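To keep things clear, I will list the structure first and then write my remarks on it.
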Amino acid sequence: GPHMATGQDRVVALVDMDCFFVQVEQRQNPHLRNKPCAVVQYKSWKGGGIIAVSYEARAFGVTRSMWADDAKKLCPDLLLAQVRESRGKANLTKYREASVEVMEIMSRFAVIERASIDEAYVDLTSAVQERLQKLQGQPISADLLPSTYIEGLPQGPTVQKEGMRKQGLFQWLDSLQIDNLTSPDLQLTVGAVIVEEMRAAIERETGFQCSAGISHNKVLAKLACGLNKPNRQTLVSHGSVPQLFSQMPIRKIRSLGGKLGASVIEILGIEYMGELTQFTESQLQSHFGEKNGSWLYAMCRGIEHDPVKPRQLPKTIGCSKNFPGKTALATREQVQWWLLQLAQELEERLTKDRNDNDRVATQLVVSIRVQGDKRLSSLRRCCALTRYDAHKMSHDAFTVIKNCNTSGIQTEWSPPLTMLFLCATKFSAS
DNA sequence: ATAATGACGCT
DNA sequence: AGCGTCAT
Ligand SMILES: Nc1nc2c(ncn2[C@H]2C[C@H](O)[C@@H](COP(=O)(O)NP(=O)(O)OP(=O)(O)O)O2)c(=O)[nH]1
Ligand SMILES: [Mg+2]
Ligand SMILES: [Mg+2]
């Protein structure tokens, strides 16, 4: 109608590093480049757990969380890089540092929200606005968009992928309304031009390739990112949403991958995101709550308002290690020693954070899991973090959890702990 | 024995 | 405060 908002107010990108840990190891070791390759944690149990996979290895069926011994059965030529181990635990510093390389480059173009170690959202709205004045209503050349797919195009009236890519791009650019500096489709297009530029800059300055989604919000941007991978970017326009959503499994949409997604499917008897449009906002709210219902009602029409938060730095700093199976910690001395290994890594990172980013954590969260409980955390307790000292932090953590030891003999520890987790939080400016 | 983290909602 | 969800 004449008053309906169409969720076309922003230009948002989601940039995701293609098999990131593998790229970091391949940059460092040229012998691993353009080879079936994976990154592995902990060599000893079944060759190690695989945590990142090159696209050459994926084609053999190698996946994350697969044991390396098992992936070698699928892919005998598979090359492996091992994650650094410090103080008896996986240490991800190399990938954190590579990540900062990428996020600093992206920060030159626009406002970014760090989403994970290898993903960031980009609010390109302002950047596009200014680019559109620089562009005298000039046509946008296909040459400015050499790795961009236009989702849903080509339509109607070739046999190779790049064939199809440029046909869709041509149909899109031929149709564009470049006189109108307010057309959402033009804005997205200009957004796509800037993300090409950002991705060229990242590759030139780090050697890392990545993929991107460009759309009007974060959920659509994230979804778009995954449509054409690797080293490609996808524009998802508002107009493309009805066809895209009509066969889009509900669980593919960000935040609908877990329990809420499954109950949407089971309570409503539907499979695809677009089927949600039949329901009133009140019906949706009555099944899933006021906030979830409102969000679904707007999302299945391609509309979502979660802002890109200007936050390039993590809000918590944490250290964690699982002790599965027979390795579960069963004695007081073990528990203490590992709390100390965690606290030491933590102090390193905290101190580094206090020098690099001018801030100071003030609360220490202590999380454990007990044997048999399959919840992530069996128990969470906090205490003050007054001093970046590894021995104080570990002793404090021991203190606030020790009474979970139900054992009679207190040389031993029951029930066995299957996880330790130290998280520094509640940062103050320093 | 699908890790090591991280952000946020509910009460 | 502490637990639950969702995610890479
Ligand atoms: N230990 C562990 N690390 C993981 C896992 N999954 C991801 N990581 C670590 C390692 C990853 O390199 C990195 C990024 O995660 P993604 O973006 O979800 N996948 P990637 O970047 O590998 O490939 P692409 O994006 O092209 O699909 O975070 C896992 O299951 N376990
Ligand atoms: Mg990635
Ligand atoms: Mg990612």
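Select from the stretch A:346-364 the residues that are closer than 19 Å to A:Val400 by Cβ and crowded, with 18+ Cβ neighbours inside 10 Å and list them in ascending order.
Selection gives A:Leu346, A:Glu347, A:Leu350, A:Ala361, A:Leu364.
Answer with yes or no whether A:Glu162 is away from ligand 2 (no atom under 16 Å from the Cβ), outside the structural domain of A:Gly302 (by CATH) and assigned to a helix (DSSP H, G or I).
Yes, satisfied.
Please state which one of A:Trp338, A:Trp295 is farther than 30 Å from A:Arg108 by Cα, buried (at least 19 other Cβ atoms within 10 Å of the Cβ) and under 25 Å from the mean Cα position of the chain (by Cα).
On inspection, the qualifying residue turns out to be A:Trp295.
Step by step: first the residues of the stretch A:365-393, then only those that are among the hydroxyl-bearing types (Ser, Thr, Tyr) and more than 26 Å from A:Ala328 (Cβ to Cβ), then the one that is surrounded by the fewest Cβ atoms within 10 Å (Cβ to Cβ). Which residue is that?
Within the stretch A:365-393, the first condition is being among the hydroxyl-bearing types (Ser, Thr, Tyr), and the residues that meet it are A:367, A:377-378, A:386, A:388.
So of that shortlist, the ones also more than 26 Å from A:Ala328 (Cβ to Cβ) come out as A:386, A:388.
Numbers: A:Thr386: 12, A:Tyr388: 19.
Out of the qualifying residues, it is A:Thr386.
Identify, from the list A:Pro314, A:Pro307, the residue that is outside any helix (DSSP H, G or I) and closer than 30 Å to A:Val370 by Cα. Quick ask: steps written out before the conclusion?
Values: A:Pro307 fails: closer than 30 Å to A:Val370 by Cα.
When all the criteria are applied, what remains is A:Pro314.
Which of the residues that make up the stretch A:20-69 are out of contact with any helix residue (DSSP H, G or I) (no Cβ under 9 Å at 6 or more places or on another chain) and among the basic types (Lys, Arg)?
A:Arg58, A:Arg64
Taking into account only those residues within the stretch A:92-124 that are within 16 Å of DNA strand C (Cβ to nearest atom) and in a loop (DSSP other than H, G, I, E, B), which is farthest from A:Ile194 (Cα to Cα)?
Within the stretch A:92-124, the match that is farthest from A:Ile194 (Cα to Cα) is A:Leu92.
Determine, yes or no, whether A:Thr6 is more than 10 Å from DNA strand B (Cβ to nearest atom) and either closer than 30 Å to A:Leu420 by Cβ or of a type outside the set (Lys, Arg) (or both).
In short, yes.
In the stretch A:31-75, which residue that is of a type outside the set (A, V, I, L, M) and closer than 19 Å to A:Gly207 by Cβ is surrounded by the fewest Cβ atoms within 10 Å (Cβ to Cβ)?
For the stretch A:31-75, the residue satisfying everything is A:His31.
Taking the options A:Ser86, A:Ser141, A:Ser126, name whichever one is closer than 30 Å to A:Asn34 by Cα and not hydrophobic (A, V, I, L, M, F, W, C).
Numbers: A:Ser141 fails: closer than 30 Å to A:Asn34 by Cα; A:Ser126 fails: closer than 30 Å to A:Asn34 by Cα.
Exactly one residue qualifies, and that residue is A:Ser86.
What is the one condition in (1) aromatic (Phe, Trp, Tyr); (2) outside any helix (DSSP H, G or I); (3) within 16 Å of DNA strand C (Cβ to nearest atom) that A:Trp45 does not satisfy?
The failed condition is (3).
For the stretch A:21-42, which positions are under 20 Å from A:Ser86 (Cα atoms) and more than 16 Å from DNA strand C (Cβ to nearest atom)?
A:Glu25, A:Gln28, A:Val40, A:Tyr42
Residues in the stretch A:410-417: is at least one assigned to a strand (DSSP E or B), among the aliphatic types (A, V, I, L, M) and assigned by CATH to the domain that holds A:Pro324?
Yes.
So if I check each of A:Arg87, A:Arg114, which one is surrounded by 14 or more Cβ atoms within 10 Å (Cβ to Cβ), within 15 Å of ligand 2 (Cβ to nearest atom) and of a type in the set (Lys, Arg)?
Residue meeting the stated conditions: A:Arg114.
Can you tell me which residues in the stretch A:175-229 are within 27 Å of A:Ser255 (Cα to Cα), more than 16 Å from ligand 3 (Cβ to nearest atom) and part of a loop (DSSP other than H, G, I, E, B)?
Scanning the stretch A:175-229 gives A:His216, A:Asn217.
When the stretch A:13-37 is examined, which residues are found to be within 16 Å of ligand 3 (Cβ to nearest atom) and among the aliphatic types (A, V, I, L, M)?
Across the stretch A:13-37, the qualifying residues are A:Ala13, A:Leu14, A:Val15, A:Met17, A:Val22, A:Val24.
Looking only at the stretch A:250-270, filter to residues that are in a loop (DSSP other than H, G, I, E, B) and β-branched (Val, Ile, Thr); which one of those is farthest from A:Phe288 (Cα to Cα)?
A:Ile253
Suppose we filter the stretch A:2-34 for residues that are in a loop (DSSP other than H, G, I, E, B), more than 24 Å from A:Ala110 (Cα to Cα) and within 15 Å of ligand 1 (Cβ to nearest atom); how many remain?
Looking only at that region, the number is 0.
What are the pairs, 6+ residues apart or on separate chains, where a residue within the stretch A:349-373 that is in the same structural domain as A:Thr399 (by CATH) and at positive phi has its Cβ under 8 Å from a residue that is assigned to a loop (DSSP other than H, G, I, E, B) and not β-branched (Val, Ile, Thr)?
A:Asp358/A:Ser430
Numbers and lists here come from the model and the stated rules, or from a named source; no laboratory read-out is quoted. Note that we place each Cβ from the backbone using ideal geometry, even for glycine, and neighbour counts take in every protein chain shown.
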